[PDB]
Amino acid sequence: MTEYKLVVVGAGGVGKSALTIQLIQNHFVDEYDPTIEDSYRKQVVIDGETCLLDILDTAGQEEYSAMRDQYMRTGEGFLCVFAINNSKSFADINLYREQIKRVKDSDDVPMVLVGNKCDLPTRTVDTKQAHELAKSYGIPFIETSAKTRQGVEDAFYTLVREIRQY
């Protein structure tokens, strides 16, 4: 079947793993558990197409930058994740996108900007700034909560559709 190689990147603790576990295992981890490098493979049906999501869950820690570069050269689509209560994770978004552009030798690779933890009451990133940044990249912005599952399918399925239209 068709396989979509997806890569989830972003600063430490924004909820990269929580989003993937919500998508694949239908629950929210709610635990401290830093990632080195995890892969998830799940057969799905998206818009009638039987396909395999091959999801690389990456580390936000700086020491694993080189491992990221190598391991995400095969990515067809990228979720670039920040948390809505972490202004520095939003500031870091541009750095992950630029790293993706250099490893993919491309400036329009399928990508979704994901603003996670929208269930929280303590917002520090303004929605308007995220929409404006997404529009300056030419990519969708999707707000998510790995806790409530809001937007989770939307984020991953939208990325697959970006890949289809590339």
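We number the residues from 1 along the sequence you see.
A.B. asks: Name the higher of the two by mean Cα B-factor in the PDB entry, 51 to 59 versus 119 to 127.
C.D. replies: Per the PDB record, 119 to 127.
A.B. asks: If you take the mean CA temperature factor per stretch, which one wins between 134 to 142 and 41 to 49?
C.D. replies: The stretch with the larger mean CA B-factor is 134 to 142.
A.B. asks: Among the chain's modelled residues, which third holds the C-alpha B-factor of residue 67?
C.D. replies: Highest third, going by the recorded CA B-factors of the chain.
A.B. asks: What third of the chain, by the recorded C-alpha B-factor, contains residue 29?
C.D. replies: Within its chain, residue 29 is a highest-third residue by C-alpha B-factor, going by the deposited values.
A.B. asks: State the tercile, meaning the lowest, middle or highest third, of residue 36 with respect to the CA B-factors recorded for its chain.
C.D. replies: Top third by C-alpha B-factor.
A.B. asks: Ranking every modelled residue in this chain by its Cα temperature factor as given in the entry, which third contains residue 103?
C.D. replies: Highest third of the chain for residue 103's C-alpha B-factor.
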